[PDB]
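For the sequence shown, mature numbering (1 follows the signal peptide of the UniProt record, and there is no 0) gives the first residue as 1, with consecutive numbering after it. Let me begin by presenting the structure, written as structure tokens, before commenting on it.
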Amino acid sequence: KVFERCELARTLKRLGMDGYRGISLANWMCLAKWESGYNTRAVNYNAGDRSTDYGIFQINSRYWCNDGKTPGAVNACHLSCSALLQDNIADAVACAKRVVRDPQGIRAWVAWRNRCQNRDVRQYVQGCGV
Ligand code: NA
Numbered sequence: 001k002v003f004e005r006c007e008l009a010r011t012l013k014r015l016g017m018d019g020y021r022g023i024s025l026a027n028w029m030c031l032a033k034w035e036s037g038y039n040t041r042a043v044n045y046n047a048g049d050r051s052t053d054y055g056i057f058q059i060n061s062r063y064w065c066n067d068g069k070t071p072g073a074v075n076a077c078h079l080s081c082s083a084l085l086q087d088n089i090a091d092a093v094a095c096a097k098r099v100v101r102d103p104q105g106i107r108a109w110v111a112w113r114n115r116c117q118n119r120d121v122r123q124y125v126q127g128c129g130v
């Protein structure tokens, strides 16, 4: 599923993402926009280290979900990576919350630093009613 901007914003708020571990809703929107273009079925294989990024938040298989083919991987979210490709983003959101509970927080995603950090991210939620 490819979410429309405001549809996703309202969904994330309902799932309790606004201010989770100090992260504003607009930052989560900026992250999903740059990681997958708000696409839940996005999959990106990283030839360099044999890991794969899954879903709307492009969660990595080495630490967060299990896909069985990633060497020395752990499954911190206790989820099959398949769960992160569903149209319903409840599991992806629960796993994203787990990722940010680690010391790095939202910085765990390099795209966030490149495209969202220290920027005016209000644009991602303007007019959505959140
Ligand atoms: Na894994």
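Note that the Cβ used here is the ideal one computed from N, Cα and C, for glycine as well.
Item                                                                                                                   : Value
Minimum length 4: unbroken alpha helix (DSSP H) runs contained in the region 77-124                                    : 90-99, 110-115
For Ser36, the three-state DSSP class (helix, strand or coil)                                                          : helix
Close Cβ partners of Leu25 (< 7 Å) along its chain, the five nearest in sequence each way excluded                     : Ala9, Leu12, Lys13, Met17, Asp18, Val125, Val130
Coil, strand or helix - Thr11 by DSSP                                                                                  : helix
Selected residue, minimal CA-CA separation from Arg62, among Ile56, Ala73, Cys81                                       : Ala73
Cβ contact (3+ pairs, closer than 8 Å) linking the region 112-125 and the region 90-100                                : no
Beta bridge counterpart(s) of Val43 as assigned by DSSP                                                                : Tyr54
Neighbourhood of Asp67 by C-beta distance below 7 Å, restricted to the same chain and skipping five residues each side : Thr52, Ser61, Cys81
Closest by C-alpha distance to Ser36, when choosing among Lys1, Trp64, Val99, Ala108                                   : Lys1
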